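Labels run A, B, C, D, E and F following the written order; every chain starts at residue 1.
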Amino acid sequence: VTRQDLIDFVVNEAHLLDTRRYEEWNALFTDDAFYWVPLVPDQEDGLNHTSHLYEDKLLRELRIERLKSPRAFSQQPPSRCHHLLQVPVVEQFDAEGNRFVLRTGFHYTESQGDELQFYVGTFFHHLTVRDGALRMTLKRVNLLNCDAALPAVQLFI
Amino acid sequence: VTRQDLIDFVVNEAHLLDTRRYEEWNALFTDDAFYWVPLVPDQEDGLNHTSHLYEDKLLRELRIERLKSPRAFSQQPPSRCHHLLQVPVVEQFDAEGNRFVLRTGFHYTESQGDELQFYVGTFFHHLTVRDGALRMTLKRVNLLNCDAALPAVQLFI
Amino acid sequence: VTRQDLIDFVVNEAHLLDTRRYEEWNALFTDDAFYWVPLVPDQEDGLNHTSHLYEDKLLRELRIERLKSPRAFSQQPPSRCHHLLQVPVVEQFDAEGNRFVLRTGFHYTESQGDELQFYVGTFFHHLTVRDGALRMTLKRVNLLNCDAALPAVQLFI
Amino acid sequence: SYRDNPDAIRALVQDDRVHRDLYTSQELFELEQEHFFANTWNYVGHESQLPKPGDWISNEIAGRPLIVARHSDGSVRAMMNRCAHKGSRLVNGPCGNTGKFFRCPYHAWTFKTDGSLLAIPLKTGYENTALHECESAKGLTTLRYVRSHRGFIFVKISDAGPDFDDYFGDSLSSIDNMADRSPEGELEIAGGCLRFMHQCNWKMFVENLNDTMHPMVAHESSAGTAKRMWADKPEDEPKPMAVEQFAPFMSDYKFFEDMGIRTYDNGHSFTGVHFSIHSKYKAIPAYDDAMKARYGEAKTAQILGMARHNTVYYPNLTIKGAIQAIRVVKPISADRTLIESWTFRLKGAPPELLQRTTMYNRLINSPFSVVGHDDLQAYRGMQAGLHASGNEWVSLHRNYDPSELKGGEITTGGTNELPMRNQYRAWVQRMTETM
Amino acid sequence: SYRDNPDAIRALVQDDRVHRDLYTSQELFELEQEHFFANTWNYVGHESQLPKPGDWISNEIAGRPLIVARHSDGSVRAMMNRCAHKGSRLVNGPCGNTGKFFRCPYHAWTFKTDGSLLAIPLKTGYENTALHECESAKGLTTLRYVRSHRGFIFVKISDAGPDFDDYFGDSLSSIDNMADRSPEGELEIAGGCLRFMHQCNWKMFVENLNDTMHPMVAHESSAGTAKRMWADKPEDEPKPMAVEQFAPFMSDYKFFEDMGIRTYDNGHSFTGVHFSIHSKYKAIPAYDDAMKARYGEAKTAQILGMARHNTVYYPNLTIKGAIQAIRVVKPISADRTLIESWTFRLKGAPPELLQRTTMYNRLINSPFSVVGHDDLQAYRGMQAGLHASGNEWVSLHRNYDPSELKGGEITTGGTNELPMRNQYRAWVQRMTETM
Amino acid sequence: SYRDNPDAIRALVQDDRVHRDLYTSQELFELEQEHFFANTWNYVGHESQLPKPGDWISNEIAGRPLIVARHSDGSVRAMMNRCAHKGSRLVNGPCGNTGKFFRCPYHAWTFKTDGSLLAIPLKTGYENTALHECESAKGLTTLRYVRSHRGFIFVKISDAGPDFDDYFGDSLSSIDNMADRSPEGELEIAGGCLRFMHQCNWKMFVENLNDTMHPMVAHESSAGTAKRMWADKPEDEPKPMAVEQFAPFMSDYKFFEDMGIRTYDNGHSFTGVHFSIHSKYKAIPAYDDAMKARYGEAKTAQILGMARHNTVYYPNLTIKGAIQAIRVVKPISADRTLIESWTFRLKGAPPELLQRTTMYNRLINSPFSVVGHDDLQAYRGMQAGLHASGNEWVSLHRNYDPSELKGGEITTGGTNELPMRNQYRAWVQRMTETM
């Protein structure tokens, strides 16, 4: 409804990801929404081209549920993540058309044991209003070094 | 009095730390305030559990005064620090109760000679009003990798 | 005219630098403006002291034009850059005097191939109004480790 | 202390077990880079990556930078990425096109696309010298072991070892199937490349490919989770392709035992001789119609009934038949390896084939993949644990029988540990042949 | 060039001086990891960290990963964190509980808590093989040198060297005092662990423990600052515990000289035989009342009158008596070391004891501590400066006398440099015993 | 395998070509640090950096830390930055002022500014010991090869090799010109220092200095771009100093050939005997007036007409005459080097000279400079490409003639590759002298 509401939505989503509240984070998506991590710059779509992550509801639920398992050997000890965000910028704002697009620079840090890695890039958020609640229809994560060699990334960015 | 005043307070405190104006920075605390760096996540208190830093007025004064000594061998050449902050978020705002709580993501960089290190985490600020001036009653610094192996950290975070 | 315009100007300049729109970025400068990167902390001026970069219009045009050459051997493959900015702070605001000073903390990342480097520091922006458009008269880039040993930096910070 | 010490090289491998130094010793890694990887055929690329004349790609094999280029006559040539003057690289980047000649970016020496010298600027300075007697007069150093099969390019740095035909034997049929699933009989590179850095020796990754005992244990938290998540739904509802590709990992031991394994000489082996984990994968009618129109009923049935699980071309290539995806091993150090996963488009096929291939590639081979996380955790655990003392060996006794020492094409059950033993026999031979 | 060169190992140590290679040479560090740390008793943990059956902790000693676990019979066992199949770790993390058996996360081999083999999945594949003859049939490799004193667990990897009793002699009394300051006579681990990474060899940190000439010079900018800050205050006002713990560092030479030192065999030595820097530390009446009720008058006075400054158990443990804090040395490389500081809770004591212990630990051992900053700066300066040429020795001549070569328990003044000489004599012996 | 192998050291250099191991081998780098840089004179600083008594600077030469200080009598002394007690550094930082004595920050040993011992605290602990017989009694280890020419300070760690006068010969004239361009005949350090890390061996940087073949090829994208950007403007408009300094890089071949080159013994050589790229550089009337007032017409004309391009003092110093800028080479590893660029102020000259010098330094030597980017890319390409097999040599055949083997002062054309050959002959000699 207001721009500040969209900024708060993005900030609160990052905060929810930071405090391991995955069940609440996944509820912000629409049923047919996608969580997309492109593999190449200016990628056209996630259907005919490979990506790092192109998750629908089922795959997101699978990833969230695997973290609670006592046999997730790669998650012993569990990893921790931190998001540092630039202030979101509202690119398009269609109040009548029910389409909002936001661009946000991010620095993401992931640490496990005595190991730490960081990444930088941009979030593109597509938001709509369902029954008076703001909800995502697509979350695209553009990495600066998407096509470079990467180590294992075990948490949601 | 206003939220923007608290945001400006946090930003200006970081700026004061960055410019090496320690005498002005230490004056923002209350006489019984604490500068706390927990050692483990979700630490209960700094009394019955070890911490990286739990400083009252005397210890802060000692640390500030040691920096002016000509025999602080570990500070030759002097170190430099930089703070990069996400916009502060006001969680609790008790105008009548005189108690404010702020949460701020941070990226902190410290460099000496040809060596440089960085850390990420969250600041929790407890603020009150004394004689019309905003003053701190507790500064808690949550590090992402608090329980990991760390090198020497020689300045205020 | 308004502060938020100045914050938007700084943010948009960083965005223009991020998306390789050098021709539009160079048009924001005044004809006699300077792009200054000091070499020592609290450097007095860029005339009688060495600096990393002290570019007028001609040198900026030369650097921008060299990137389009098919024989820029050091730019194969091309490098990519990302800016993460703290919210700008307006120090001096002379509406009648036509001179504005802004201070912004920054984290800058540059990646080429499988190599990546990052720097932190402060931007000082001097802005004025020419024919109703905000334009820069000096862009000073204070690096935290300006006097330390550095590798090659091939893009605009 | 293995240098110039071949018997101590042989002593690290026994009939049914190996030593830990094969996974940790850095001096052994350097000796490999000097000896083993220079004496075997290694995948460097595909012909569809350099279609036009003058097109080139750059690769790195056994510590050597290589240019693989398309000469003006349409052939494929391989040369050292090293100028004849003072050693500077001629081409910077992964791929490109130089037109008619290479030009050094240091002093602008020029060479032909096949590597021969073309011109030296200011030649008047070399009249009374001895440049024309040295090897800098011949131009770039070339490789005369370059071969292509259905577009796949293999090179061999040195002249020691069996030739391409005897090196690969009859395993090439796998590649043929990968190429016979296209109505035009051609493959092209499309969909991008996934690059994954493992903090483990390359050997462990090469072993994980034909290990049927691991998936039900290590991959339980993900494959079992998916199986339980679907188990509930009506048996009539269509299975999402994610669940379709994830479910076979949690099969019982009899399934993998009956899948089968075949091994060739020189460490090449494939899994799934008769029926595999890619056997159901739904069905596409348009693709079947196209293949029927091109080949006929019998040939189409024969081709689509060949569903090998995965094939290993030692020491760096692995491929899948019905998925059209390959993986390449890029050793970096004793405890650092790089894995590259490519995908192919079949010429003339409907887009659903490529969509399925990209889905599988993202799900399995991405650095963000949970299956990759579990396998990498297993590799890291092995690398960390192999430093303990006491028991200093790695067991390869499963389904072992000395009659396998005769070699040749051997077919056996799915849980046999024969491929590892054959791999290490070949590795010992390839090191010791040139010491 | 020290490998298989024991005489050149002995040549780096003289009667009253040492060579610089003991602090810089990486090959010497590797030889130590193979020889020295495998021939001495090392602190791996406390019994209160694994109270219940099946409870385990994981440690890293001399380049070996170890599991220290509580067997079902209540004893403590030590084994290699390395599966018998192919080497993968069994447990990931610092501590945990496995119930009744260990299960490998690669192929689900299973072993008992004492390390013996329990079950191999799909055993039918090993009938006609030779698995049962090798050492993989026994299970995990175990350590039969595990001992406990008042809860402290010590291990020794190899079988060369004196046994626990003769190795430690009468220094164990220090530990006893640390345990006798509790009404229940028991310690537990509480308060967390501080981990500090030093860019210096572990040897310098081990020497700084019994060096009484350093504190008034290196620690001047902080301890002297505190002393001057508390100056001009009324003599009746209570001292903050920070000032109480900081003031003794800036004492005169006579204080430290009279404070005293005792040394044992095998590099074990404690400082402060008569009094110490922990002597005043105010007084708590409730704790004294409890100790009076449990022990009496004479025993309580004797226990609380024992105020050793700090004790060194070579090569990796140091403890404090009246503060209840220990430090462990974890060598990483020639120029990288990790120091871990733990704290104990005395059972049945008021919380003030633990509060004081945690305050001292934060003030002295934290990476944010100024005293640690100064000591680390001294270590880094020594590490950087020991690369200069010319004078290639380090002097240990202070208070040296040849009559100390008879060994045994020796008591002397506080500024003596005897402990370092004894440490290096023991280090030479432990190196050369297994050459 | 070069240690104690002088013949294999000689075998890597031939008359007109060199081996690749001179640029990659790490063991060769360590042997150099032990032998080569200890047997040649190296630039450690200028006298204007330490004008007052007690002023010191700290440097790092051949893996040794050094203190260069001004004694109380006004002379310049050099000592090891290593305390005589246990090796800790005495001074931390790049420069400073110690007053009358050095005081160790570990145990407060004290030494005189010339390095001799002054006082040991609590000396009463050394009466019956052997401290006074060892080398710790003399104090810091000193260097007796310290020499100064027009303020430049050169040191030589060891006693093997020719002395300063015979080592440098007549190349010192270059320095004299750099100092004769000041009305007072004095230089001072001003403007700051630029530090640039190159991921290449130092040898490549040292070779790029006298290579006239490269600038019109590698530096084309920048110098040619500037030339084309200016080409258009009226010939009467003043050229910006950026274009003035950039244009000469894109000259034809005859210009560089006629520019000229002179070489001395021991690898010292300068470029531009007749004219140079700094020849035009506009003109300043006030500076000429002052020089005329100080020297006269003839002497000023002779001094200002001497415009050498750049001079190389082997193995780590290069200078420019008419620009008043120097560069120092700081090797770090086989593939890591640090380059420092300083500027000088001429005493009594107008500020325009220093403004021009700082502009040139920023334009050419900064890590943000495009010319530096191109040169570093060439170095990195050479370092990466010298690992290819086959041709394992680097050609130095350009303008080669055996009559150059007589040595001495040799003058020749600008494109001759003689300086590199002389450099490598001197390098071979300096290695093999101490084998």
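Quick notes on this structure:
Methods note: a contact is a pair of C-beta atoms (placed from the backbone, for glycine too) under 8 Å apart; a residue touches a chain by one contact, two chains touch by 3 or more.
Within the list C-F, B-F or C-D, A-D finds its counterpart interface, over half of the contact pairs alike by residue number, in C-F. Pairs A-D and C-D differ in how many C-beta pairs touch across them, and the larger number is found at A-D. Inter-chain centre distance (chain E to chain F, centres taken as mean C-alpha positions): 49 Å.
Mean C-alpha positions place chain A and chain B at a centre distance of 30 Å. For chain E, residues touching at least two other chains, in rising order: 92, 105, 218, 377-378, 381. In chain A, the residues touching two or more other chains are 71, 73, 84, 87, 107, 148-149. Those residues of chain B that touch chain A in the shared complex are 84, 86-87, 89, 105-107, 120-122, 144-145, 148-149. Of all the residues in chain D, the ones that touch chain C in their complex are 92-94, 105.
For chain F in complex with chain C, the residues that touch the partner chain are 191-197, 199, 218, 220-222, 225-226, 229, 240, 242-243, 338, 343, 351, 354-355, 358, 361-362, 366-368, 370, 372-374, 376-378, 381.
If you check the complex, the residues on chain E that touch chain D are 38, 63-65, 80-89, 92, 104-108, 121-122, 125-126, 128-131, 134-136, 141, 157.
The touching residues of chain A, when paired with chain B in their complex, are 11, 15, 80, 82-85, 87, 107, 109, 111, 113-114, 116, 118.
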